[PDB]
């Protein structure tokens, strides 16, 4: 009973100012610059990046607990709604607890899947569930293993702050357990795709209280709570739900930049007969598949890393079976504002860059003048580069051998850089007054920058011959 006159328990709370749609918000990073496009030389290739702005906004209900085989949050715990909570390290409230009812979502129990907890508390709650669980085993004695509810999530990685909203997990976690090299994808060197195999066995639901005062014991006056920490910035919450099980986390990382990564990757995953593409096969060489299992009942720090995805597969699947006997650890939960008893949701909002790319393979041109006459060639193309605006800039370049007699069997190669475009070859036979007045023995326009563009002419002044193969 404070002099502030907000003495009644149900009064303090119900009369507590705040905005649910904020008190639990995680306004991400605030980026404001980059460059719409960029090419880059790295080995016998030409990299083309593109920088688009993206804004992934999400409002989660399903919050992931940090210390999987460890930290303990449960149906009843009362946690203030502050930033600590968001970082999976929520402050906690401990006052005298009046009885409550638990209920597990386990199958074939609708009607008898509910116990009471005379003294809401971890050990208490846990044990209860324990007894609850077993009781099931009893009703289902010829079954020791039942499938687990798998929830799939998946996405490439552009930022901690990005993958962190997409998959809905503390970014730190991934950065340690899966070991992410952000700055490598941030520079489009590495391309990462993370897998989210949330294994579910069941949950536990704490029956909603008609009123707050129905939780704390009468001896608990709202003012002790205003004291425990509550405020317009600490609206207490009750864990309305907890889901138990684990989570398989695969990481598909690579060094390529061939636009067909997410492609190859997905093809690989879904294991579609397209994954036998020679191109894919190459993108696969430069890729490492790491898969770990968090949550519980699984040798901590365990981990896999195979170039053969088949190995990642056995992992996942062999983690579907959910033993009813062995302990199931907490991995997800959903609290509720006492006051309005509405579901408490987090506000992840952030802008990030969407890297996009393609790779170009170098090539050279070989000329074969096994001709019974004299000829001059004219090879010209454009080298591409990108300005600060992300615009193409066509630098026109020509072979210094252009406009020059070449006799019975000549030989030369013309090294073209992987950023070569508008490639046109053209051999003109020298029967006439001058260049623009000779007959064309070959003239291919916009030739493709193949491994090798070989132009070979042959023939008689009168009866010329020519061809051009590609690799």
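Positions refer to the first chain, counted from 1.
Between 196 to 204 and 271 to 279, point out the one with the higher average CA B-factor as the PDB entry records it.
It is 271 to 279 that shows the higher mean C-alpha B-factor.
With respect to the recorded C-alpha B factors, which stretch has the higher mean value, 235 to 243 or 116 to 124?
Between 116 to 124 and 235 to 243, it is 116 to 124 that shows the higher mean C-alpha B-factor.
From 290, 255, 370, 170, pick the one with the largest CA B-factor in the entry?
In this record, 370 carries the highest C-alpha B-factor of the candidates.
Given 149, 144, 190, 339, identify the residue with the highest C-alpha B factor in the PDB entry.
When the deposited C-alpha B-factors of 149, 144, 190, 339 are compared, 144 is largest.
Could you say whether, by C-alpha temperature factor, residue 380 belongs to the lowest, middle or highest third of its chain?
Within its chain, residue 380 is a lowest-third residue by C-alpha B-factor, going by the deposited values.
Ranked by Cα temperature factor within the chain, is residue 37 in the lowest third, the middle third or the highest third?
For residue 37, whose C-alpha B-factor we compare with every modelled residue in the chain, the answer is the lowest third.
Comparing against every modelled residue in the chain, figure out the third that the C-alpha B-factor of residue 251 lands in (lowest, middle or highest).
Middle third - that is where residue 251 ends up once the chain's C-alpha B-factors are sorted.
Where does residue 327 sit by CA temperature factor within its chain: lowest, middle or highest third?
It falls in the top third of the chain.
Going by what the PDB entry lists, where does residue 297 fall on CA B-factor within its chain: lowest, middle or highest third?
According to the entry, residue 297 has a C-alpha B-factor in the chain's highest third.
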